[PDB]
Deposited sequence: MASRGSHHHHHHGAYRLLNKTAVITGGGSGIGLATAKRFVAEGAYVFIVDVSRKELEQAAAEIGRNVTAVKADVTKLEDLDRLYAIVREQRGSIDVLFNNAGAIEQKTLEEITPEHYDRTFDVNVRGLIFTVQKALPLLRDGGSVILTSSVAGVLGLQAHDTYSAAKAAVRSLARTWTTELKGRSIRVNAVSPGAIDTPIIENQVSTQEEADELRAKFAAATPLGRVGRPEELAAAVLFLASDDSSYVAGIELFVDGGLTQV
């Protein structure tokens, strides 16, 4: 009945949009969830809506010490991590010509560096048989104006799921990537998208649940497009 019964899940960007929708679906499937985001007010609000089986941890995953404090809380409250969904950060655009060193730093810090140490630091807590989701994007395989660094970073994320599938196979930890298209989170993609609509956080959440749950038990290293077909035709 309950596809994640008593598993423990950690979700970064767990504050809002997709990461929050996932938390909620996780909790409905019977998991216990750590939502990890940066603003306290927004964590409290999130924890309040999810309502049960949820701890809110304030941390910036681009900071080594924040991560250490995170895993000391997960070890103390729950002891182990069965699932890690890495859903942090947002898009900042810049054509090649405008890219500044600091803009490139902002993107890469959040999408790659942050992610690497997030997953690195979770290894001691990860159970054998566990599941790690990275968040890549349609941007990873498209040539989209002013998405220079975002897209490059997301392609690199997709790549980490292959490598880590190789490195973590002895522990039987599956690593996969989700590549969302346009997902409604508080225009001309919708136009060139076969289902003709933006997606709902809830649908991304379900695709993530597939990767999280026992149903994707023979699924490893993939890149799961959830884009209503954008990149597929």
Inset, instruction - Compare the deposited sequence with the modelled residues and state the ranges that are missing C-alpha positions. - result: 1 to 13, 200 to 215
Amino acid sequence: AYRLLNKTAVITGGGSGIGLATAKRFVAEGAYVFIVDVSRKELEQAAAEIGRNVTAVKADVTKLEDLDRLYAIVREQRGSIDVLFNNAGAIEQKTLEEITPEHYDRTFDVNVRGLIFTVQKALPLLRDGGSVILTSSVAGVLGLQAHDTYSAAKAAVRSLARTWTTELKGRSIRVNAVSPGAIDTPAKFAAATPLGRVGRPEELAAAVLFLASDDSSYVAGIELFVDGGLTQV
From here on, numbers count along this sequence of modelled residues.
Inset, instruction - Pick between 84 to 92 and 137 to 145: the one whose mean CA B-factor in the entry is higher. - result: 84 to 92
Legend entry - Segment of higher mean CA temperature factor, 40 to 48 or 163 to 171: 40 to 48
Legend entry - 178, 206, 27, 64, ranked by C-alpha B-factor: the highest one: 64
Inset, instruction - Among all modelled residues of this chain, ranked by Cα B factor, put residue 230 in the bottom, middle or top third, i.e. lowest, middle or highest. - result: lowest
Legend entry - Entry-reported Cα temperature factor of residue 111, expressed as the chain third it lands in: middle
Legend entry - Chain thirds of CA B-factor: placement of residue 221: lowest
Inset, instruction - Place residue 157 in the lowest, middle or highest third of its chain's C-alpha B-factors, as listed in the PDB entry. - result: lowest
Legend entry - Third of chain Cα B-factors occupied by residue 132: lowest
